[PDB]
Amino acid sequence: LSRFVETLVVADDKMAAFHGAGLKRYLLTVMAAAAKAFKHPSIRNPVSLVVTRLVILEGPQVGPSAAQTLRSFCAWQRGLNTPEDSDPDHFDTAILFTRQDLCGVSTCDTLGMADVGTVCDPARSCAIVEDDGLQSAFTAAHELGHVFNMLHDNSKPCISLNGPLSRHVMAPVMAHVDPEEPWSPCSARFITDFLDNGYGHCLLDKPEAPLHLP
């Protein structure tokens, strides 16, 4: 029942250049806020996002293309992991924060990208986030929602699960998130199905040494 995502957090050289000595505290603050969203009852099946490893940056190729940056990061992070979840150095997902302005095919409006429904596949359990300096925890929550198999709330399946009456984490673009319902019914259904179907089998072990905000 209790689920734990052992998370590797990675910050690129641009993050280090900007945030400097306060970077570690900043990343843990961002991740604490994302973790709070994943415990909210609206998600139906809460999970504990636990930072277990923190890397401040050869490394991954970071550039304008969100797609290519994600692929490069996901290839790179594989090398840091271990084969077995029982090894304390093993992690369940990897998230990169960058100051790079990430882009799609026609615009640079995107703030992140992730593989969908990949949380317990070490080869694919990856997300990237463009650090905007204020709302990065919401972007991280959106990308981790995708990692947990969530769709956007304007997708056809979500229409039928959400009802007729853009205020949630899995909105297709960032808008003001409802504090009483960060996750739509569609998001709750998709993460619940995902875990019920056995795709969260790597989330059952408790981490030994979480990184805590002191």
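A residue's number is simply how far along the shown sequence it sits, counting from 1.
Trainee: Unmodelled stretch from the deposited sequence between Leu57 and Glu58, which bin: none, 1 to 3, 4 to 9, 10 or more?
Mentor: In the record, 4 to 9 residues between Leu57 and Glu58 lack coordinates.
Trainee: Report, from the record, the number of residues in the deposited sequence between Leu165 and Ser166 that have no coordinates, as none, 1 to 3, 4 to 9, or 10 or more.
Mentor: Gap size class: 1 to 3 residues without coordinates, per the record.
Trainee: Taking only the CA atoms, which stretch has the higher mean B-factor in the record, 82-90 or 138-146?
Mentor: The stretch with the larger mean CA B-factor is 82-90.
Trainee: As stated in the PDB record, which stretch has the larger average Cα B-factor, 16-24 or 189-197?
Mentor: If you average the C-alpha B-factors of 16-24 and of 189-197, the larger mean comes out for 16-24.
Trainee: Between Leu111, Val105, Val116, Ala127, which one tops the list for Cα B-factor in this entry?
Mentor: Among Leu111, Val105, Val116, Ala127, the highest C-alpha B-factor in the entry belongs to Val105.
Trainee: Can you tell me which of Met31, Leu70, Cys158, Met170 has the highest Cα temperature factor in the record?
Mentor: Of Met31, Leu70, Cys158, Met170, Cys158 has the highest C-alpha B-factor.
Trainee: Against its chain's modelled residues, does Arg53's Cα B factor rank lowest, middle or highest third?
Mentor: Lowest third, going by the recorded CA B-factors of the chain.
Trainee: Going by what the PDB entry lists, where does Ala175 fall on CA B-factor within its chain: lowest, middle or highest third?
Mentor: Its C-alpha B-factor, which the entry lists for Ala175, ranks in the highest third among residues of this chain.
Trainee: Which third of the chain does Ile43 land in by C-alpha B-factor: lowest, middle or highest?
Mentor: Middle third by C-alpha B-factor.
Trainee: Sort the modelled residues of this chain by their C-alpha B factor and say whether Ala35 lands in the lowest, middle or highest third.
Mentor: For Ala35, the deposited C-alpha B-factor lands in the lowest third.
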